[PDB]
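[1] Next one to model:
(8 chains, ligands or ions: 2)
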Amino acid sequence: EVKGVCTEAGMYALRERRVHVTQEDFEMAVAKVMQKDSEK
Amino acid sequence: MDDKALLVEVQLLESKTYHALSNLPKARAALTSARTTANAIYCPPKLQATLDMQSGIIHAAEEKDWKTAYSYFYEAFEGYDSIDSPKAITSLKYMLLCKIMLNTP
Amino acid sequence: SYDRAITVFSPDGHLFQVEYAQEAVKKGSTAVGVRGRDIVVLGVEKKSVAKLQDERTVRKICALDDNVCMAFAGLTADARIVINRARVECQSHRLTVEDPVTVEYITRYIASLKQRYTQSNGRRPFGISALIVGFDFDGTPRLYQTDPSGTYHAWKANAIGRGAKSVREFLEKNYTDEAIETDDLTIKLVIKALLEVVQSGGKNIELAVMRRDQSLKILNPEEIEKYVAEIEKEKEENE
Amino acid sequence: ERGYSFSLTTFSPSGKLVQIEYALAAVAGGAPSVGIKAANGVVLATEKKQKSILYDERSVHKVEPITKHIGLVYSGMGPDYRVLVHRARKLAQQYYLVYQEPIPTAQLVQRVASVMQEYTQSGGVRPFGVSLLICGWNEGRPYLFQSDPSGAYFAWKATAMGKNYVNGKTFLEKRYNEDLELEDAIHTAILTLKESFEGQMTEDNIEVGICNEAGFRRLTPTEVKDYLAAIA
Amino acid sequence: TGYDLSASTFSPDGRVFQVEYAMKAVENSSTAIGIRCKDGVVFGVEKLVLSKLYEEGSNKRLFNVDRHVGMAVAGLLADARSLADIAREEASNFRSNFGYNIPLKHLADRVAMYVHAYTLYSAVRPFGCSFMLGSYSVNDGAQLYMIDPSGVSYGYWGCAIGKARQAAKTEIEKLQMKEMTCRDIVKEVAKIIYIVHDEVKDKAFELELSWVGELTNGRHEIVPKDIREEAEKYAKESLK
Amino acid sequence: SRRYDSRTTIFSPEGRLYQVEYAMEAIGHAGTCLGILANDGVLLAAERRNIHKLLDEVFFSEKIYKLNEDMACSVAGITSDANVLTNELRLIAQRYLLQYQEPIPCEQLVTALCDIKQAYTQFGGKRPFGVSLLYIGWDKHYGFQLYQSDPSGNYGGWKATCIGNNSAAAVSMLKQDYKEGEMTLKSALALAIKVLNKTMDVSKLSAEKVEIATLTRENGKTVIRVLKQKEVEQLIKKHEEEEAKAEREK
Amino acid sequence: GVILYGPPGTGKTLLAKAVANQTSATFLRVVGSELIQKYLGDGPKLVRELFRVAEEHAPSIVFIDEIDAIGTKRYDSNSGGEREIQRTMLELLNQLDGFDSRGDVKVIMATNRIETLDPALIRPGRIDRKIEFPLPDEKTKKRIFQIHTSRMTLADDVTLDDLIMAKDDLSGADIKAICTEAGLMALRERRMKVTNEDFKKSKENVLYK
Amino acid sequence: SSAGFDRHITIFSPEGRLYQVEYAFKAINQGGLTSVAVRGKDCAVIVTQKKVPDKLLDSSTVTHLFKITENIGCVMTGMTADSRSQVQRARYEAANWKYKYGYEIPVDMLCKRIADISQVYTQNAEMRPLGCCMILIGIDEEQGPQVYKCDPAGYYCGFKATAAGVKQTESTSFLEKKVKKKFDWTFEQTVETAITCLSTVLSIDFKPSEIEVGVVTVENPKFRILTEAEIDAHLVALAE
Ligand SMILES: Nc1ncnc2c1ncn2[C@@H]1O[C@H](COP(=O)(O)OP(=O)(O)OP(=O)(O)O)[C@@H](O)[C@H]1O
Ligand SMILES: [Mg+2]
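    Residues are numbered from 1 along each chain as shown, chains lettered A, B, ... in the order given. Ligands and ions are numbered 1, 2, ... in the order given. There you are, the coordinates:
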């Protein structure tokens, strides 16, 4: 899931059209990947 | 305690009161903390559009990317559609002020 | 009331549950017994000590009366309930006919208890064999054994348990008249016999002699160390 | 006639009693039910949906009293429940005809669970398919116990049985503490049954019984609508 | 398979085959018909002569349960007279306890529950017999009941059990039993069991008739010889 | 009816019998109990299994059952079968006391139960008990005693025995550290925390994960004391203090 | 015919290597697990062409290892269920005592679950000698430690007799498992000889887990 | 889904199911028969059909309505031999209530004693669990009328409208639309809404000889069976 987060953290920076990944994209990404940990 | 949904409200409410009392970077932080909290609730049925508005407020409070800030107020209005007429009619203001700010009259 | 025939005939005339029980005997520890003309000597081997247990609770030589000892092999759970039923019968004989129980009489009680129990409904047969050793009235030392089918059977020397064919084949080439000459000389037959079995180099053997007037007398592992020295010492010099 | 007189519950070669394992699967497919003790009394709550509008919901009851001060719910199959209720009704009476004292809640679970163990070993029977939750206030301190079809029992602070019980126990772990009142425990017991119910939770879809020092009682559907109001 | 060995197991579509297998043993017994007239019940049993060595009057398939109740059986004969013993014993305990002769709606109820009790367990088998009960009372009229091996009983104006069951009760409804007295019935009982069982399968057979009503004063007994010779005089007129 | 019977009583063609060996296979998993004695006193160290954060922790113990006024037992295996055996030999000791007006010797209480347990392995067409259990106690004939039962029905006296999930790992270490008749009831307590440090895969020895009860002889008391959870953890760290010194100095 | 049976790890496969050392005949080996196939009829076809190969060479030895595994384990790759295993065994039951002229082919079989397989295959005529292997005795265990520690630089710290009765019923396979793993603990510390505490932590690693 | 003898006797499947009971629910459907019970404001009506295929059979002995006690009647579905044995228990258990306790048994306490007996058959692995159903009606004081169903699993519940048999699911879909419009129910309306239930499900539009109606009312709490003349009174008033 570490690569599950870090690859998905680029999508947050891309969906708001940035060119640098910020430190609030990762903490936005952890709360989605660990949500599926809480799913089944 | 048990709840998770009401944490979204008080973080979003603090996001209202640092910007209204003129403190942008602390309002940036509390808005961000409500982003990473609302990413785990299964049903934000109406609170998403409430969060979609002030995602566009603070991002337009620095005037960096008007086009993406326009996209927040679009989704903030689509959530408000036909269920909340006081909050919907103010949502036309923030999308068309940004569109004039986009210089497409 | 569980009513079901457990022991039935085979299509060639065997009782399968009986001869399956004879293999439970064939992996219990070895028990050897000979008789002298004045003192009997029987002793189990393969004590298999783990040096953290009470040595008296693991015993397999018990007494039914003053005159009757008993050794066994097989599984120990079924053994100590056959013993406790035999202690009751040899005690109720004294309320009847006043003399103590002859050693032949108590084996007919055990074998007839063991037979009809391969005949009843809903009962697997016993999985033990026994050696009953006693010097009766008028001082006649003799011994018997008990097949799990229930055939009491007298002997001059015998051995049951794991590795019983090799020991019985050893005794037939070794049981002379002068081997039972002295009381300390008959014991040298048994300790030579159990050493020709599963190893038991003075640490796993437990003899128990009876001099036709005493009770059973277990020698501690000092004379067995003394006897195994001289039993090897005669073998040290002849070859 | 007569019986069978042989156990049809044997050990697997892996060392597991298979019929008891299968009986727990019938317990897990039952209606969900939660139970919480909080410092002055115990709240039992269950979830009762009729299959259609034709059923009379005020005819049968899940929550049952055993004596003045002991209540009992289940999560399993229906007709097996009514057997060991009537058995437990009688066991409280032979204790009372001897000692002239209401039975302690610990001693009742000693004797109900000893029935179910005796019933999973004897000849020609299959084990029960229910689990139980037993409450009561004996000598001030309240109690909450849970049995199983095997015959064991436990002492819970809060638990959940039935469907989604592994999600109920995680929900209670983030909500329950040591210091709650009885009416606070009611609001968090309806909040955990709302995790798995249907769309509408009315005054007749659930059934709640409570204990106090005043004794066990079962809530009428009037105030159950009051607790269901101002919920979630 | 495996669902049809015991009587304690349903099928995967929900029926017991041990009862249905035992019903199939009834259609190897020959034929027993019985119809009730206006004022009585007349039984009738056609009886196979297996060999010449047996005696005329052997192994009667037509019993006598109480003073007024009659029984005609079709099935496995050892099970038939076993049911005839408990039914004869049940009527004795009614009179010894309640003082009067047992009625038929109660008598066939007590026997059928005893038959039903052997279709529940693996320890016993179901009976292989179907039979009929008929009687007459002055306060009740005539009665006619029938019991299958499953334990189901009903009333009839006329019934038939044996090999050719449908081929026998085809001609029963041609009659008019609502108005006929039990004298013309005896000729008509024998006629409809002559048109059945062609002489290809059986060489020779035997008529056996029974008879109850107020003409018999309520008692059950066999017909006299002269009356059934009239019915056997009425035999060879069905060839036209 | 004979098609549905499972024949839990007959032998196997290889001589042994399958049904209790499956039960002695189930006694391998699900629990850990051990005992030790060399002097005045005897202890039972048991490892708790259900360590969930929502339980009341009542009934004075979990796997320790006081049988007589001067002996107790630790149990392992199927817990529902355990409760029936416990209140079965609990009144064997009382009907002895009713008959002789004297407390029961600890050995012939074990032989009385192990005849009941043996009978289910032998007739009746019945599932045996999947329960093995220890016995501590005192009597005037031999003093402090220690016994072990088996689901087959045979018992034995011991000095140190475990029936845990890694019992064979524990017994191999018990006969590497011992002394016959000199391990007093502080070195035995120190040796008990060392053994279940090893056989428990859950490390660091949480003080709520174990149970320890001692049986010491006071003049007319024979005090059976389940020691509380305030003196366990000081005995835990006492093992932890010396092991850092013994490793670093070697 | 010759069959070899006993507890697992007592040296059944080990003795067949010694026969393959000594003999001059061609030696054929097949595991019993790989007799079962995935297509219908492909199983008995493989047995017919196994004894085809064995006869068409020489005097030869056919070694079939773990033949209980044809019956114990069920695999979902096999389309036919147990009634395709059976048709495979009927073909093998032919090839041992068919009516065809057999020739010079010896058959060696090995298993550890001897009570499971078909007694029609173990009758005299197809298999004559039945050889049991026991667990190693405590004076033969000492022989095995002498063998597997022959060419290793054994330091004189150790005493082999403490290692013998460590487990009461340790097989011959357990001894080699201790002796190899104790050597692996030496190479973690670049040593050349094996000390006593190597064997102390060896049996903790091998046996007790 | 299956392991062991779980298809054959009453033990658990690996899925937690048990098949011998749910094989027995569809032994009810082999009768080819359907009964409907409707509770009113001051009455309770059972209606069921009867299928008489022969003219030789007595039409007065095929009643599925049974009088349990003087104030409690019942209808039986499922197979006939097991249904009539279960009525024999209910007549017996009601008489022991009056002898032990000195007053008339309530109808729910009677249905509890029947379901407890039926529970034992699916509890021991020896008996066959009686594939027939059970519907009771009766008047209870301070409760009005009330209807109860008992199935062979041991389950029971009080209903407001009830169907049982082959066309059970189509009839309950009819009645739940009828009851949720919340019309008030007189005596004649409950009789009309119970005949028109199975007259539209089965689509027969029958004459008064195929059905039979039992009823109880709080002005005459006797369980009474309607005459064919007065069934015809309700039937011609149904066609306006
Ligand atoms: N008696 C023995 N003498 C020497 N080596 C032995 C002995 N027994 C076992 N071994 C060692 O154990 C290893 C495995 O033995 P082997 O596989 O032949 O036993 P097995 O019974 O055939 O095993 P399996 O039952 O799994 O087929 C061999 O490599 C051998 O070195
Ligand atoms: Mg091998």
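[2] Next, residue E:56: phi, psi?
    phi -70, psi 110 (degrees, to the nearest 10).
[3] where does the residue of chain A found nearest chain B fall, helix, sheet strand or coil?
    For chain A, the residue closest to chain B is residue A:31, as judged by C-beta to the nearest C-beta, at 3.9 Å. Using the backbone N, CA and C atoms, a C-beta is placed for each residue, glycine as well. Three-state call for residue A:31 (DSSP: H, G, I helix; E, B strand; the rest coil): helix.
[4] Work out for me the element whichever residue of chain G sits closest to chain E sits within.
    Chain E sits closest to residue G:83 of chain G, with a gap of 16.3 Å, by C-beta to the nearest C-beta. Assigned by DSSP states H and E, residue G:83 belongs to helix G:82-96.
[5] What number of residues are in the vicinity of the nearest residue in space to residue H:228 that is not next to it in sequence?
    Nearest residue to residue H:228 in three dimensions, chain neighbours excluded: residue H:208, at 4.9 Å (C-beta to C-beta, 6 or more residues apart in numbering or on different chains). Residues within reach of residue H:208, counting by other C-beta atoms under 10 Å in any protein chain shown, total 18.
[6] Now do the contacts for residue H:208.
    H:228, H:231, H:232, H:235 (C-beta atoms under 8 Å, 6 or more residues apart in numbering or on different chains).
[7] swap in residue D:158?
    So residue D:158 contacts D:34, D:35, D:36, D:37, D:144, D:172, D:176, F:54 (C-beta under 8 Å, 6+ apart).
[8] Report how many residues lie close to the last one.
    To tie it back to what came earlier, the one meant is residue F:54. Residue F:54 has 15 nearby residues by other C-beta under 10 Å.
[9] just the first one next, same as before
    One way to gauge burial is a neighbour count; for residue D:34, by other C-beta under 10 Å, it gives 31.
[10] if I look at it, how far off is residue D:70?
    The gap separating residue D:34 from residue D:70 is 18 Å, by C-beta to C-beta, to the nearest Å.
[11] Specify the local secondary structure of residue D:14.
    coil.
[12] Would you confirm that residue C:217 contacts residue C:206?
    No: the pair residue C:217 and residue C:206 does not pass the contact test of C-beta atoms under 8 Å, sitting 11.9 Å apart.
[13] ok, these two, which is more surrounded?
    Taking other C-beta under 10 Å, residue C:217 and residue C:206 do not tie; residue C:206 has more neighbours (22 against 11).
[14] Report the contact partners of that one.
    Per C-beta under 8 Å, 6+ apart, neighbours of residue C:206: C:43, C:44, C:45, C:47, C:59, C:61, C:218.
[15] in the sheet, who's paired with it?
    residue C:44 (DSSP bridges).
[16] That one and residue F:149: what is the separation?
    With C-beta to C-beta as the criterion, residue C:206 and residue F:149 are 24 Å apart.
[17] and stretch G:115-131 with chain F, contact?
    Yes: judged by C-beta under 8 Å from any C-beta of the partner chain, stretch G:115-131 comes into contact with chain F at residue G:115.
[18] start to end distance for that stretch?
    End-to-end distance of stretch G:115-131: 14 Å, with C-alpha to C-alpha, to the nearest Å as the criterion.
[19] And for residue G:136, nearest residue in space, chain neighbours not counted?
    residue G:172 (5.5 Å).
[20] For the one you found, which residues are in contact?
    G:9, G:10, G:11, G:14, G:136, G:144.
[21] Identify the residue nearest the second one in space, chain neighbours excluded?
    It stands for residue G:10. With C-beta to C-beta, 6+ apart, the residue lying closest to residue G:10 is residue G:133, at 4.5 Å.
[22] Isn't that neighbour up against residue G:12?
    Yes: using C-beta under 8 Å, residue G:133 makes contact with residue G:12 at a distance of 6.3 Å.
[23] higher neighbour count, these two?
    Remark: of residue G:133 and residue G:12, residue G:12 carries more neighbours, 22 against 18, as counted by other C-beta under 10 Å.
[24] count of neighbours near the residue of chain B found nearest chain A?
    Taking C-beta to the nearest C-beta as the measure, chain B has residue B:39 as its residue closest to chain A, at 3.9 Å. Look at residue B:39: counted by other C-beta under 10 Å, it has 17 neighbours.
[25] So it: helix, strand or coil?
    Going by three-state DSSP: residue B:39 is coil.
[26] cool, the one 10 residues further on as well?
    Assigned with three-state DSSP, residue B:49 falls in the helix class.
[27] again, but for residue E:22
    Residue E:22 is classified as helix under three-state DSSP.
[28] Grab the nearest non-local neighbour of residue 38.
    Let's take chain A. residue B:40 (7.5 Å).
[29] nope, chain H
    residue H:194 is the one closest to residue H:38 (C-beta to C-beta, 6+ apart), at 4.3 Å.
[30] what separates the closest residue to ligand 1 within chain F from residue G:172, distance-wise?
    In chain F, the residue that lies nearest ligand 1 is residue F:14 (16.5 Å; C-beta to the nearest ligand atom). Residue F:14 sits 21 Å away from residue G:172, going by C-beta to C-beta.
[31] Also residue G:192?
    From residue G:192 to residue G:172 the distance is 26 Å (C-beta to C-beta).
[32] got the contact list for the closest residue to chain D within chain G?
    The nearest approach of chain G to chain D comes at residue G:72, 12.0 Å away (C-beta to the nearest C-beta). Residue G:72 sits next to G:113, G:116 when contact means C-beta under 8 Å, 6+ apart.
[33] quick one: it is in a helix?
    No: going by three-state DSSP, the assignment for residue G:72 is coil, not a helix.
[34] I'd like to know how far it sits from chain C.
    22 Å (C-beta to the nearest C-beta, to the nearest Å).
[35] What does that residue show for phi and psi?
    According to degrees, to the nearest 10, residue G:72 has phi -70, psi -60.
[36] Any figure for the gap between it and chain H?
    From residue G:72 to chain H the distance is 18 Å (C-beta to the nearest C-beta).
[37] For that residue, give its distance to residue G:117.
    9 Å.
[38] now residue H:55
    68 Å.
[39] higher neighbour count, the two?
    Taking other C-beta under 10 Å, residue H:55 and residue G:117 do not tie; residue G:117 has more neighbours (21 against 10).
[40] Next up, the contacts around residue H:111.
    Applying C-beta under 8 Å, 6+ apart, the residues near residue H:111 are H:134, H:136, H:148, H:150, H:156.
[41] Would you map the helices across chain E?
    E:17-24, E:77-98, E:104-116, E:166-172, E:184-192, E:225-233 (DSSP state H).
[42] er, chain G actually
    Under DSSP H, chain G gives helices at G:12-22, G:42-55, G:82-96, G:141-148, G:160-164, G:172-187, G:196-206.
[43] among these, which is nearest ligand 1?
    helix G:172-187 (2.2 Å).
[44] any idea how far residue D:180 is from the residue in chain F positioned nearest to chain A?
    Proximity of chain F to chain A (C-beta to the nearest C-beta) peaks at residue F:53, 18.4 Å away. Distance of residue F:53 to residue D:180, computed by C-beta to C-beta: 16 Å.
[45] Neighbour count for these two, which is higher?
    Taking neighbours as other C-beta under 10 Å, residue F:53 and residue D:180 compare with residue D:180 leading, 20 against 8.
[46] Just confirm the more buried one contacts residue D:188, I think it does.
    Yes: counting by C-beta under 8 Å, residue D:188 is a contact partner of residue D:180 at 7.5 Å.
[47] what's the overlap in contacts for these two?
    Contacts common to residue D:180 and residue D:188, judged by C-beta under 8 Å, 6+ apart, are residue D:36.
[48] Great, nothing more from me.
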